[PDB]
Amino acid sequence: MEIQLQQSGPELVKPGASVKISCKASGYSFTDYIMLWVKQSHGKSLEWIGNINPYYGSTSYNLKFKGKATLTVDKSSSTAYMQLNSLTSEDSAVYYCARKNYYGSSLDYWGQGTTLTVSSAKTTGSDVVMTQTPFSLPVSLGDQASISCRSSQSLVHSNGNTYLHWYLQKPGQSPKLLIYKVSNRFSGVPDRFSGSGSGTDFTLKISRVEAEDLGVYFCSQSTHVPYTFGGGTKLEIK
Ligand SMILES: CO[C@H]1O[C@H](CO)[C@@H](O)[C@H](O)[C@@H]1O
Ligand SMILES: [Mg+2]
Ligand SMILES: [Mg+2]
Ligand SMILES: [Mg+2]
Ligand SMILES: [Mg+2]
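Residues numbered from 1 in each chain as written, not as in the entry; some residues may be left out. Chains lettered and ligands numbered in written order. Heavy atoms only, no water.

> In this structure, what is going on with the packing of aromatic side chains? I would like to understand it.
In this description, an aromatic ring pair is defined by two values, namely the gap between the centres and the angle between the planes. Taken as a whole and judged by the stated rule, the model has eight aromatic pairs. Measuring from centroid to centroid gives 6.3 Å for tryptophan 48 and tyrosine 227, while their planes differ by 50 degrees, and the two rings are tilted. Of the two residues, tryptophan 48 and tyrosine 227, both sit in the buried class. Linked through ring pairs, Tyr96, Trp110 and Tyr167 together constitute an aromatic cluster. Geometry around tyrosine 81 places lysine 20 over its ring, the cationic atom sitting 4.6 Å from the centre. Over the ring of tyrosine 33 we find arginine 99, and its NZ or CZ is 3.7 Å from the ring centre. (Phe/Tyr/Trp six-rings, centres within 6.5 Å; stacked < 30°, edge-to-face > 60°. Buried < 20%, exposed > 50% of the residue type's maximum accessible area, 1.4 Å probe, protein only. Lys NZ or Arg CZ within 6 Å of the ring centre and 35° of its normal.)

> What am I meant to see in the sheet that holds strand β7 (residues 69-74) here?
The pairing of strands in a sheet happens through backbone hydrogen bonds and is either parallel or antiparallel. Spatially, β1-β3-β8-β7 is the arrangement adopted by the four strands of the open sheet, whose pairing is antiparallel. Looking along the sheet, the strands with just one partner apiece sit at the ends: β1 (4-7) and β7. Here the strands of the sheet are splayed against their neighbours by 20 degrees on average, with no regard to which way each runs. Pairing between β1 and strand β3 (residues 19-26): four bridges, direction antiparallel. (Pairing = 2+ DSSP bridges. Helix = DSSP H or I, 4+ residues; strand = E, 2+ residues; numbered from the N terminus. Axes fitted to C-alpha atoms, helices over the stretch in contact; angles between N-to-C directions.)

> Please clarify how the sheet that holds strand β12 (residues 130-133) should be interpreted in this entry.
If you trace the four strands from one edge of the open sheet to the other, you get β12-β14-β19-β18, paired in antiparallel fashion. One side of each edge strand has no neighbouring strand; the edge strands of this open sheet are β12 and β18 (193-198). Each adjacent strand pair in this sheet contributes to an overall mean axis angle of 20 degrees, direction not counted. Note that β18 and strand β19 (residues 201-206) share six bridges and pair antiparallel. Bridge assignment links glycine 195 to a residue of β19, and that residue is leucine 204.

> Please explain the state of the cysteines as it appears in this structure.
One way to say it: the disulfide is the covalent bond shared by the sulfur atoms of two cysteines. As enumerated under the stated definition, the model contains two disulfides in all. Each sulfur of the disulfide joining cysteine 23 and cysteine 97 lies 2.0 Å from the other. Every disulfide takes its handedness from the sign of the S-S torsion; for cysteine 23 and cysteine 97 that torsion is -85 degrees, giving left-handed. Of the two residues, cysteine 23 sits in strand β3 while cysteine 97 sits in strand β9 (residues 94-100), which places them 74 residues apart along the sequence. Classification of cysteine 23 as buried rests on a relative accessible area of 0%. Relative accessible area serves as the criterion here: at 0%, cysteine 97 is assigned to the buried category. Between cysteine 149 and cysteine 219 runs a disulfide, and the two sulfur atoms are separated by 2.0 Å. Torsion about the S-S bond of the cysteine 149 and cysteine 219 cystine: about 80 degrees, corresponding to right-handed handedness. Separated by 70 residues along the polypeptide, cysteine 149 in strand β14 (residues 145-151) and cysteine 219 in strand β20 (residues 215-221) bring together distant segments of the chain. On the accessibility criterion, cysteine 149 (1% relative accessible area) is buried. For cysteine 219, a relative accessible area of 0% translates into the label buried. (Disulfide = S-S within 2.5 Å.)

In structure tokens form, the structure reads like this:
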């Protein structure tokens, strides 16, 4: 128990059917942290589905998923749920659940993810934009990487803090928090990583790229609602 979010297993369902993915929490006070859900279609970026306050059962969705996904919580068990209705081939993705803290309003803990396959086969406006540049970054190891992230609006908050974070997602893995609030390294994150920038400009730099660092980097803003993610920047070797 060190903060674990264990989601239910793979799903193969029939179109028009419903599924109900689960996220069992442990290692922390379930009721003291907001649970947020994310959708990631193959090769696509992260889509905020919506979040729930396990404490009240209060929710807020991404206009896009409202009426489609239903978030619930079972306090007596520290398990949060997301139900999907009228399933479509388009809902075939990998869904994640993640805890969002308050001090940095970043997603510090993610579940392993739940792959959903919708099929009849029986075996397998005003939202803030985040633009990541470049799309892909080929390097030779020991090389220095420098990724940039730009938002359509300033990300400074009334409190004087800027909620821009960097997540890293290694192949087949769940994304993970690297840097929160522009330049703070998350726990266990090496010093070769270092964020910077202000208002609308932000850059992630990796002085020395290493095999453990390859994967896709996502910046995300949360000083505005909804929460948005950059398209992602893939770091791979030549
Ligand atoms: C939910 O509490 C958070 O509200 C907004 C996001 O909605 C954040 O930017 C702010 O810093 C607070 O930590
Ligand atoms: Mg709503
Ligand atoms: Mg509202
Ligand atoms: Mg503060
Ligand atoms: Mg204030």
